[PDB]
Amino acid sequence: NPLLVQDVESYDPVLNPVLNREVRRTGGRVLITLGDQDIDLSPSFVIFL
Amino acid sequence: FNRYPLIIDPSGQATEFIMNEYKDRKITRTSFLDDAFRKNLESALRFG
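Right under this line is the structure:
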């Protein structure tokens, strides 16, 4: 789902892999390591700060 | 099947039939003795 995030002056470093597109493709899935858990990154995801 | 099947294939034809049948769904062959069984099971449980 598209996401709009306000107050970027309080930026959360949890978004660093998401902004850097540090994805791990394995078995047809696109994995993003937000924090300590793996998440299937849907291609339709988009974030605006 | 309702319960997960247990295949008895001394000739080895059933296992290759299984690999061919579920190849389109990215089937993975593993074993109980392998130390990677934990991660394979965990990946299967979360991503099909």
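Protein chains in written order, with the entry's author numbering: chain A, 3631 to 3679; chain B, 3583 to 3630.
Here a beta-carbon is modelled for each residue, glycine too, at the ideal position from N, C-alpha and C.
Beta-carbon proximity check, residue i vs residue j, cutoff 8 Å
{"i": "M3601/B", "j": "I3589/B", "result": "no"}
{"i": "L3671/A", "j": "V3653/A", "result": "yes"}
DSSP state of residue i mapped onto helix, strand, coil
{"i": "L3623/B", "result": "helix"}
{"i": "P3592/B", "result": "coil"}
{"i": "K3605/B", "result": "helix"}
{"i": "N3650/A", "result": "helix"}
Per DSSP, the bridge partner or partners of residue i
{"i": "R3659/A", "result": "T3656/A"}
{"i": "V3676/A", "result": "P3632/A"}
{"i": "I3669/A", "result": "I3662/A"}
The segment 3633 to 3650 of chain A touching the segment 3658 to 3667 of chain A, judged by at least three CB pairs closer than 8 Å: yes
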